[PDB]
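Commentary on secondary and tertiary structure
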Amino acid sequence: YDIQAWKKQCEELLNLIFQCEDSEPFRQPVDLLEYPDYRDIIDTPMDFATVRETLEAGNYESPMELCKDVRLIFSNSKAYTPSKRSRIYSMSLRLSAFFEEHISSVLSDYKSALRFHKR
Ligand SMILES: Cc1ccc(C(=O)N2CCN(C(=O)NCc3cccnc3)CC2)o1
């Protein structure tokens, strides 16, 4: 029922994501010299360094907000990919599965802790 525990749990999960080769495309912004049309397709860029920095700044109030930004990394990859078989998009899908598998208990625990707080 620790309503703060999500933050370290998210730091640890981000650490695991940064050890994962599948995250390499998603740890920094898209170089427009490499992908010149990227901002024609993607309105709101997001990467794992931005997520980590926002968490470390104390600018997430809840793991739900962190989860929204991580899911934006994946939806941006799906929207930008030219093919559902593209290397970088395929990496996004494995990393999304990994993330969702691990974030589910973080979200459940937080929400249960907030319900207990308000009981
Ligand atoms: C072809 C295709 C399908 C889906 C995607 C896609 O989701 N992105 C475009 C490419 N991305 C980057 O360039 N990351 C920045 C970067 C810069 C230097 C070193 N590592 C990473 C990630 C986002 O790209």
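The record names X-ray crystallography as the way this model was obtained, at a resolution of 1.1800 Å.

As annotated in the PDB entry, the protein chain carries the name PH-interacting protein and comes from Homo sapiens.

1. Quick notes on the nonpolar core
Ranked by size, the top nonpolar core spans 26 residues in total, and within it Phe 48, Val 51, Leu 66, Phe 99 and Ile 103 carry the most contacts. When contributions to this core are tallied by element, the ones reaching two or more residues are α1 (6–19), α3 (48–56), α4 (63–80) and α5 (87–117). The element contributing the most residues to this core is α5, with 7 residues. In this structure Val 51 touches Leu 14, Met 46, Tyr 60, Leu 66, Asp 69, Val 70 and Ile 73, once residues within four positions along its chain are discounted.

2. As for the packing of aromatic side chains
The tally for this structure, following the rule as stated, stands at 6 aromatic pairs. Between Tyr 38 and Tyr 80 the ring centres are 4.8 Å apart and the planes differ by 70 degrees, which places this aromatic pair in the edge-to-face class. Residue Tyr 38 is located in helix α2 (residues 38–41), and its partner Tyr 80 is located in helix α4; the two are separated by 42 residues in the primary sequence. Plain terms: the ring middles of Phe 74 and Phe 99 are 6.5 Å apart, the flat faces sit at 55 degrees to each other, and that makes the pair tilted. Residue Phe 74 is located in helix α4, and its partner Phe 99 is located in helix α5; the two are separated by 25 residues in the primary sequence. Of the two residues, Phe 74 and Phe 99, neither departs from the other in class, the shared state being buried.

3. What about α5?
Relative to the 45 Å expected for 31 residues at 1.5 Å per residue, α5 spans 45 Å between its end C-alpha atoms, a close match to the ideal helical length. A maximum bend of about 30 degrees is found in α5 at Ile 103.

4. Focus on the packing of α3 against α4
Running from amino to carboxyl end, α3 crosses α4 at an angle of 170 degrees, the nearest separation of the two axes being 10 Å. When the axes of α3 and α4 are compared, the pair comes out roughly antiparallel. Contacts between α3 and α4 pair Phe 48, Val 51 and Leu 55 from the former with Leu 66, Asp 69, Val 70, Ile 73 and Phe 74 from the latter. Per-class residue counts for the contact of α3 with α4 are 7 nonpolar, no polar and 1 charged.

Calculation notes
- Residues numbered from 1 in each chain as written, not as in the entry; some residues may be left out.
- Heavy atoms only, no water.
- Residues with missing side-chain atoms left out of burial classes, pairs and counts.
- Core = buried A, V, L, I, M, F, W, Y, C linked by side-chain atoms within 4.5 Å.
- Buried < 20%, exposed > 50% of the residue type's maximum accessible area, 1.4 Å probe, protein only.
- Helix = DSSP H or I, 4+ residues; strand = E, 2+ residues; numbered from the N terminus.
- Contact = heavy atoms within 4.5 Å.
- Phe/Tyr/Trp six-rings, centres within 6.5 Å; stacked < 30°, edge-to-face > 60°.
- Expected span 1.5 Å × (residues − 1).
- Bend = angle between axes of the 7 residues up to and from the residue.
- Axes fitted to C-alpha atoms, helices over the stretch in contact; angles between N-to-C directions.
- Parallel < 35°, antiparallel > 145°, perpendicular 65-115°, else oblique.
- Nonpolar A, V, L, I, M, F, W, Y, C, P; charged D, E, K, R; others polar.

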